[PDB]
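Q:
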Amino acid sequence: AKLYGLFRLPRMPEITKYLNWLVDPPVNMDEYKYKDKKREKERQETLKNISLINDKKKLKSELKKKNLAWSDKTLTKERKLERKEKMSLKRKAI
RNA sequence: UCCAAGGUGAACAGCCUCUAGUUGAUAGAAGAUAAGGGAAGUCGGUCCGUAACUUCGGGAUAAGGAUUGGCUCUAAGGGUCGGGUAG
């Protein structure tokens, strides 16, 4: 990454598992200008639509959750585990 | 010789009911258990607590909460248009 001049490790399975900001004072992407007129307005439009695309991805994630292998059973198991763990989280302290 | 509902049984079975048929058969009155001994007899004694898993399609392309951008060569990857200074 230092060879290529990058200042942030791209999100990869390899980076997360086998190994962020290379430049210690981080730089925000909001003030980073594309310098190309046609794509600058597209970037600003996408920035103004951050919450909408985030919610689209959230709904996609929920629908993927409900379509996984025996999802209702998984939610049931999460319910049981959460109840038991949150009961022990106070029963041990008391 | 023909037709042939459902539920439990969760082992053909048995039990109960739906549709449909019966109330026929003179009427009234008034096997089980057992203390102690133990053959002394006789011919002859499916349901409560775990964990991993686990079904169909569509998807190709390394993943699928995150900052997605993802190899080399190899047919096509919607159409079109547009290039300077001087005489």
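According to the authors' numbering, the first sequence holds residues 456 to 474, 486 to 560 in order.
Think of the CB as a built atom: it goes at the ideal place given N, C-alpha and C, for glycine as much as any other residue.
Any heavy atom of the ligand NAD closer than 7 Å to the beta-carbon of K546?
A: With respect to small molecules bound, the structure shown includes none, and the ligand NAD cannot be examined in it.
Q: I need the straight-line Cα distance from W536 to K530, nearest angstrom please.
A: Rounded to the nearest angstrom, the two C-alpha atoms are 12 Å apart.
Q: Just how far apart, CA to CA, sit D502 and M495?
A: So the alpha carbons of these two residues sit roughly 15 Å apart.
Q: Measure the C-alpha to C-alpha separation of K507 and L464 and round it to an integer number of angstroms.
A: Distance between the alpha carbons of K507 and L464 is about 26 Å.
Q: Kindly list the residues whose CB is nearer than 8 Å to the CB of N486, restricted to its own chain and excluding five residues on each side of it in sequence; keep chain order.
A: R463 and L464
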